[PDB]
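S.K.: fold the following and give me the result.
(6 chains, ligands or ions: 1)
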Amino acid sequence: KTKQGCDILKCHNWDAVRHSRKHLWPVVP
Amino acid sequence: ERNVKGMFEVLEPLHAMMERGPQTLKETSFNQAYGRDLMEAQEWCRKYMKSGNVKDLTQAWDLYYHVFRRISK
Amino acid sequence: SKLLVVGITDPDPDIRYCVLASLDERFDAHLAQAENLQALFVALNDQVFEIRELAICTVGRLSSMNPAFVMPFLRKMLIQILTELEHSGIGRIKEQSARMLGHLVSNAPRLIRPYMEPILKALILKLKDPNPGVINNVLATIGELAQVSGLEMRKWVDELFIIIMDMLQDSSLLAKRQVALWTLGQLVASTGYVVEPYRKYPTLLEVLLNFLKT
Amino acid sequence: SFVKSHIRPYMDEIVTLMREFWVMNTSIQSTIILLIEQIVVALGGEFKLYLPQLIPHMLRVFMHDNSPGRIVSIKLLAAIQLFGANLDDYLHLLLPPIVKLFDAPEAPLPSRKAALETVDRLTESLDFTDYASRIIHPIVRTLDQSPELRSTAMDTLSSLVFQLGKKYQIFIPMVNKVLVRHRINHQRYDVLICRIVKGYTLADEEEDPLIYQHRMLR
Amino acid sequence: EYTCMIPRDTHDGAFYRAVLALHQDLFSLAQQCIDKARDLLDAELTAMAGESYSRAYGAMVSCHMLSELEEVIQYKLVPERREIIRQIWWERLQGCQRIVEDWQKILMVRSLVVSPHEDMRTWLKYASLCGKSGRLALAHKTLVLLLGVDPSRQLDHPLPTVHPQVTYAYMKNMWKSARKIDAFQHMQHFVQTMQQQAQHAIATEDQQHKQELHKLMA
Amino acid sequence: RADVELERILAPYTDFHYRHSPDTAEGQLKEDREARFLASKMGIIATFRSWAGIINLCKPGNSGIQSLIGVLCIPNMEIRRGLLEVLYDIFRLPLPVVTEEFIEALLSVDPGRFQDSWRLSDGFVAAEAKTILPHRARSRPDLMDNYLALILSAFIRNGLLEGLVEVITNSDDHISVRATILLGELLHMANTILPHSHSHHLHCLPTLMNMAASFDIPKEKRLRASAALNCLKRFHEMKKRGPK
Ligand SMILES: O=P(O)(O)O[C@H]1[C@H](OP(=O)(O)O)[C@@H](OP(=O)(O)O)[C@H](OP(=O)(O)O)[C@@H](OP(=O)(O)O)[C@H]1OP(=O)(O)O
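M.R.: Numbering: from 1, shown residues only, chains lettered A, B, ... in the order given. For reference, the structure is listed below:
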């Protein structure tokens, strides 16, 4: 649920969604 | 003819070609339909061939006749 | 939003061209929103051809920042471009469609890397037909396509070599040779055709050395 | 005309018979256009398979026409009005010759009227939302230099902005200058821009026009 | 501090300034330095190519050396093409003339990003070419560099069994150069310690390792 | 047992001529077939709600999910029309109406369509506002999205999109409309609940765009691929419109 959590999970080869539920079409950072 | 050693060599190549894995969709569907009964019947006939007793062959022929009656329709 | 509204609804195409040209890569994070992409999609289907070129360049650049908006419109536009190439038999429309396809393949490399096969088939079948604008156009497109997709064009480099040497050497007309030379050098640094064309085409080294004295 | 859809396995050769004897300026085009109309009425939906091969010649009729009064172009446009929903994947290379036809000031006036009328009538089965900027700017170019093509261009404009919802609200101060400059009043366009600027409801604005045509066909 | 005193209007000055800019990750100035060195070489090239091709090969090898720096740019920029150009460089080296003087500078421009320990198929051929051309000491230096330890200091310790082609070439060089007796015992020990290795390698999928080792034992 | 006990329940779909009982009344042969289809559908959509069914049906071998996708790519218009109901009921998507035109079945899957609970007697404004207005939570986890993302990734890994493209092209119109709407719903769910690396190359659709742009194939396949891509764009516009 946080950016640090997804960055921790990325080192162990687990992806996550980086957008919230605010916008329907979010621009990829 | 009461030849158990004849029917064994009749239906052992079928069990041999069935345990090398299905390679097509038709063989996979046949395996998903009848493969449990055609495995338990082989187990019962192996139990008969280990210790000679027709009480183990009757259940194998029950399973074989069920598979045969389902295939023939 | 005011600039996009002005660049959409202005009557004369000079202010529209200035607006569509001034939105460079510094606005890439802000043009990739919903309403800005919805204004650029209106800018795609314009009357004049230069603003069509510029809007499809902006949208092909923007298509990786927000792909869910841009993917169906770009699929429809790519099918429309190939249909303008093959079915309509007018040289001006084929030239404009080859230029638009080259802009799309120069600004969006990742999306058209799986669409190399029918696009290259269409461009090769357009090069084998029984103005020199369309020729240097399609040479630029096929050079950029060779630069984008490497080692999957090895099944095409032979026919491209036989075509581009007949357009380079024994030039019956005064066509553009520099773009042909650049396109020839661009598909040997990506495919890896190093020593083999020196013996498959024994006149290549001679016509490459003749360009230094003439 | 007698076999409706059974003409398909011999349709293709019919097309290559039409591509050989459709020379540019003779008296043979007037029956070729009627043959095209009868093929369209016969096939009725499957004509899009055999539409591209007859697409270049039509373009060569639209620019290279030396007919008295441009009557071959009018016959071709009347044949184009019968296509319906067939020119959905081919509207990108068949609409610029028609929008190039009514903004040209040297073209004959009934040919421009026929072009405006086929653009008006081709929106009852197609989605003209993507090709908005290619039509809005010629029509306002047709309105300020042609005092006779005002009503037909306003009807075409009203039929185009009926499909566009709040997507036309950015174009209103651009057209309003030309409308108040020549005192152009159209009643259906006034109804539509009154419902566009001030809200009517929320579900009817910005709606797919094919959904509306399907829900009104039933 | 050596390069700044080289004159910049010559070809070698622009070449060394290009590789100097390329070492410290300056991908824009190095491109223009390469492009200016191109015509600074092209002058002497078109001055020399008018006689014969064998007279102009000395400038063609320099032009090929100059155009290989853009592939070094692509190596330092694009990571997915890094193997691919590393193939074609080898495929481009088999067409050059087998002379150690130009092979040395071609490998030196090539060693800007490729260490000898990651591309040893290219350095074994260079060592064999140095051995055949009578310059055996440079072949010995390259072989001990590619090995990692100099066996000429520990005459009783065995040779490193890992990297088998390198120690095979080293034993061939030792037999050729001076000692015909110790290389025989070294090759016997290499034979037994390598056929002792393939027994414990039960490869089921990777089949490109057993047959090359079979080739080497033959 | 390994691959013969649990995989029996997808035997009415994988076996085209399936006979469950050896001795049955021959007068009832179609109603028995529909009963087998309904019970096997309930069993398949009941094993995909448990983790021991998801893991055991999507094993990396010759699993029971690859035999379910492989029989979908075979032009048999009775199994192909029945597997789409299973695929619709697995992903919790609403079923369209049985028609031949895309613009009629697109209107029946509108999220703002009228329902019987929105009448004045039952649920006048509050039950309608529950459906059309979105929830106030923008950072809650919503475990349903986690489960649907896992199921969608497991289905995409075994090649569901290529099979859906093959059903869209080489089939009847009644099944092509339903498969086009299913592909549109899956492509909309992909850019919503999947991570970026899983869903940055799904929207390209290589097997459909290479068919819509190849002028070597017969023209019917090319034109129906182009029509399918136009319907996918129309579905994306309908999805980005929203409920009214
Ligand atoms: O010169 P030789 O002592 O007879 O050795 C040669 C030589 O390889 P090296 O010089 O690198 O050891 C050959 O390569 P060239 O120098 O002649 O081009 C090589 O053939 P390849 O070109 O295929 O590598 C051949 O190997 P083979 O016996 O397979 O022909 C190999 O012979 P040995 O390795 O047996 O000495």
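S.K.: tell me which element the residue of chain A found nearest chain E falls in.
M.R.: Nearest residue of chain A to chain E: residue A:10, at 17.9 Å (Cβ to the nearest Cβ). Using the backbone N, CA and C atoms, a C-beta is placed for each residue, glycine as well. Using DSSP states H and E, residue A:10 maps to helix A:3-11.
S.K.: ok, residues contacting that helix?
M.R.: Contacts of helix A:3-11 from elsewhere in the structure, counted by Cβ atoms under 8 Å, 6 or more residues apart in numbering or on different chains, are A:15, A:16, A:18.
S.K.: give me phi/psi at the nearest residue to the first one once chain neighbours are set aside?
M.R.: Setting aside the residues directly before and after it, residue A:15 is nearest to residue F:195 in space (Cβ to Cβ, 6 or more residues apart in numbering or on different chains), at 4.0 Å. Geometry field for residue F:195 lists phi and psi as phi -60, psi 160, criterion degrees, to the nearest 10.
S.K.: and for residue C:52?
M.R.: Main-chain torsions, residue C:52, degrees, to the nearest 10: phi -60, psi -40.
S.K.: residue B:2 in helix, strand or coil?
M.R.: Per DSSP: H, G, I helix; E, B strand; the rest coil, the secondary structure class of residue B:2 is coil.
S.K.: and what of residue F:217?
M.R.: Secondary structure assignment for residue F:217 (three-state DSSP): coil.
S.K.: could you check how far it is from chain B?
M.R.: Using Cβ to the nearest Cβ, to the nearest Å, residue F:217 is found at 25 Å from chain B.
S.K.: just residue C:207 next, same as before
M.R.: According to Cβ to the nearest Cβ, residue C:207 stands 56 Å off from chain B.
S.K.: contacts only, for that residue.
M.R.: Residue C:207 neighbours (Cβ under 8 Å, 6+ apart): C:165, C:168, C:169.
S.K.: show me which of those are buried.
M.R.: Buried members of those, scored by 16 or more other Cβ atoms under 10 Å in any protein chain shown, are C:165, C:168.
S.K.: looking at the contacts of residue C:207, which is nearest chain E?
M.R.: Checking the contacts of residue C:207 against chain E with Cβ to the nearest Cβ, the nearest one is residue C:169 at 17.2 Å.
S.K.: what number of residues lie near the residue of chain A closest to chain E?
M.R.: 12 (other Cβ atoms under 10 Å in any protein chain shown).
S.K.: same check on residue E:40?
M.R.: 19.
S.K.: check which helix or strand covers it.
M.R.: Assigned by DSSP H and E, residue E:40 belongs to helix E:29-48.
S.K.: need the residue closest to the centroid of chain C.
M.R.: Centroid-nearest residue in chain C: residue C:102, 0.9 Å away (criterion: Cα atoms, centre = their mean).
S.K.: as JSON lines, the contacts of helix A:3-11 with neighbour count and secondary structure would be great.
M.R.: Compiled in JSON lines, those are given as follows (neighbours: other Cβ atoms under 10 Å in any protein chain shown; DSSP: H, G, I helix; E, B strand; the rest coil):
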{"residue": "A:15", "neighbour count": "13", "secondary structure": "coil"}
{"residue": "A:16", "neighbour count": "15", "secondary structure": "coil"}
{"residue": "A:18", "neighbour count": "12", "secondary structure": "coil"}
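S.K.: and of the residues you listed, the nearest to chain F?
M.R.: Lowest distance from chain F to these (Cβ to the nearest Cβ) belongs to residue A:15, with 4.0 Å.
S.K.: ok, the closest one - contacts?
M.R.: Neighbouring residues of residue A:15 by Cβ under 8 Å, 6+ apart: A:6, A:9, F:195, F:196, F:197, F:198.
S.K.: ok, the fourth one - contacts?
M.R.: Going back to what we said before, that points to residue F:196. Residues counted as contacts of residue F:196 (Cβ under 8 Å, 6+ apart) are A:15, A:17, A:18, A:28.
S.K.: try it again with 7 Å
M.R.: Shown in contact with residue F:196 (Cβ atoms under 7 Å, 6 or more residues apart in numbering or on different chains): A:18, A:28.
S.K.: tell me if I'm right that residue C:213 and residue E:45 touch.
M.R.: No: using Cβ atoms under 7 Å, residue C:213 is not in contact with residue E:45, being 10.3 Å away.
S.K.: with only the CA atoms kept, save the helix holding residue E:40 in PDB.
M.R.: Only the C-alpha atoms of helix E:29-48 are listed here, as PDB (Å, rounded to 0.1, in the frame of the first residue of the first chain):
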ATOM      1  CA  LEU E  29      30.700  15.600 -28.200                       C
ATOM      2  CA  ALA E  30      32.300  12.200 -29.000                       C
ATOM      3  CA  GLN E  31      29.800  11.700 -31.900                       C
ATOM      4  CA  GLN E  32      30.800  15.000 -33.500                       C
ATOM      5  CA  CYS E  33      34.500  14.200 -32.900                       C
ATOM      6  CA  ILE E  34      34.000  10.900 -34.700                       C
ATOM      7  CA  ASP E  35      32.100  12.600 -37.500                       C
ATOM      8  CA  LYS E  36      34.900  15.200 -38.000                       C
ATOM      9  CA  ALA E  37      37.600  12.400 -37.900                       C
ATOM     10  CA  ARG E  38      35.500  10.800 -40.600                       C
ATOM     11  CA  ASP E  39      36.200  13.500 -43.200                       C
ATOM     12  CA  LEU E  40      39.700  14.100 -41.800                       C
ATOM     13  CA  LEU E  41      40.300  10.400 -42.700                       C
ATOM     14  CA  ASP E  42      38.300  10.600 -45.900                       C
ATOM     15  CA  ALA E  43      40.700  13.200 -47.400                       C
ATOM     16  CA  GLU E  44      43.600  10.900 -47.100                       C
ATOM     17  CA  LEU E  45      41.400   8.000 -48.100                       C
ATOM     18  CA  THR E  46      40.300   9.500 -51.400                       C
ATOM     19  CA  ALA E  47      43.900  10.700 -51.900                       C
ATOM     20  CA  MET E  48      45.100   7.000 -51.500                       C
END
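S.K.: how about residues contacting the helix or strand that that helix is followed by?
M.R.: Using DSSP H and E, the next helix or strand after helix E:29-48 towards the C-terminus is helix E:53-67. For helix E:53-67, the surrounding residues in contact (Cβ under 7 Å, 6+ apart) are E:15, E:34, E:37-38, E:41, E:44-45, E:48-49, E:96-97, E:102, E:105-106, E:109.
S.K.: could you do stretch C:133-151 as well?
M.R.: The set of residues external to stretch C:133-151 that reach it, using Cβ under 7 Å, 6+ apart, is C:91, C:94-95, C:98-99, C:101-102, C:105-106, C:109, C:112-113, C:116, C:120, C:123, C:126-127, C:153, C:175-176, C:179-180, C:182-183, C:186-187, C:190-191, E:81, E:84.
S.K.: equivalent analysis for stretch E:77-85, please.
M.R.: Residues from elsewhere that reach stretch E:77-85, judged by Cβ under 7 Å, 6+ apart: C:150, C:151, C:192, E:71, E:74, E:75.
S.K.: farthest pair within these?
M.R.: C:151 and E:75 (15.8 Å; Cβ to Cβ).
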